């Protein structure tokens, strides 16, 4: 019962890996680990065994990722919506998480060996207090570790994460750390649970569903989406390989669209700021332009004072986030 198998790639897996690694490779892949219960019914086994096998496949898939040089992975492990399942199944999932997390602690120091950082993202106050303590110990121990990153989304939905990010920024203006005008797409990005990682290059959902089910909606707006029919506990290296092949095919147009979005956003921001500086210069009676370069220094100070407030807000938010007596 461990978080990552230790197997090396076979000849054909290794060969195909070398080939695609000549092209652009994803740095961060997100997985919606869907189909555990259908898998259990197909193999005529209990639902708890389908979920346990699902965890085993997660451990195996992380080893594939590491063997492919993909060093950050985010997985959907428990939705807030999944609290609506039967107590029998929910208790089974909570028990599984309790047994995998503690076991991570027994298997600790081996996490120090491979530099594995474990983060658990979601509205964790809805979990059993004992499970929160096991989870809290997890992030505490594996913080400051560098070689790879696993983000487990537990008691998570995207709407709840986006709502919390807005609440965080609202808390900022309530504390005098932020002006409501400082709120921006970049700032909301830095208030998500995922704020320590780049947006996923690939979002993979198994079992043939073509929906996102409230997962990383903000972060995957420009991610390559891969919907594969295989049920999660039957995921293979070749399913993962196919998803990466999809990513390489999309990469040129996708990075262009990503850059064009960013260039348009930064630009529309410049025009809003120039317009605001103009409004302050329409008032006070000064000129719209002149050799004195007045609007230029007003623009410089507007953004610098904005960046100062933002940097100060993020540090207080990070300190509040690291303020935990829960571990």
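The term rigid core refers to the most C-alpha atoms you can superpose between the two forms while keeping them within 1.5 Å. Residue numbers count along the first chain shown, from 1.
> Once the rigid core is lined up, would you tell me whether 66 to 74 or 276 to 284 has the higher RMS CA deviation in 7 other deposited structures of this protein?
Checking 66 to 74 against 276 to 284 in 7 other deposited structures of this protein, I find the farther stretch is 276 to 284.
> After fitting on the rigid core, which stretch moves more in 7 other deposited structures of this protein, 33 to 41 or 287 to 295, going by C-alpha RMS?
The stretch that sits farther from the shown form in 7 other deposited structures of this protein is 287 to 295.
> Between 178 to 186 and 196 to 204, which has the higher average C-alpha B-factor in the PDB entry?
So the stretch with the higher mean C-alpha B-factor is 178 to 186.
> Can you tell me which stretch has the higher mean Cα B-factor, 36 to 44 or 277 to 285?
Taking the mean B-factor of the alpha carbons in each, 277 to 285 is higher.
> Between 28, 63, 51, 267, which one tops the list for C-alpha B-factor in the PDB entry?
Of 28, 63, 51, 267, 267 has the highest C-alpha B-factor.
> For the listed residues 249, 77, 231, 134, which one has the largest C-alpha B-factor as given in the deposited model?
When the deposited C-alpha B-factors of 249, 77, 231, 134 are compared, 134 is largest.
> Can you tell me whether residue 19 has a C-alpha B-factor in the lowest, middle or highest third compared with the other modelled residues of the same chain?
It belongs to the lowest third of the chain when residues are ordered by C-alpha B-factor.
> Taking the chain's C-alpha temperature factors as the reference, tell me which third residue 11 falls into: lowest, middle or highest.
As the PDB entry reports it, the C-alpha B-factor of residue 11 lands in the lowest third of its chain.
> Can you tell me which third, lowest, middle or highest, the CA B-factor of residue 106 falls into for its chain?
Highest third, going by the recorded CA B-factors of the chain.
> Going by what the PDB entry lists, where does residue 100 fall on CA B-factor within its chain: lowest, middle or highest third?
Ranked within chain, residue 100 CA B lands in the middle tercile.
> Quick check on the deposited entry: does the C-alpha B-factor of residue 161 sit in the lowest, middle or highest third of its chain?
Tercile = lowest for this residue's CA B-factor.
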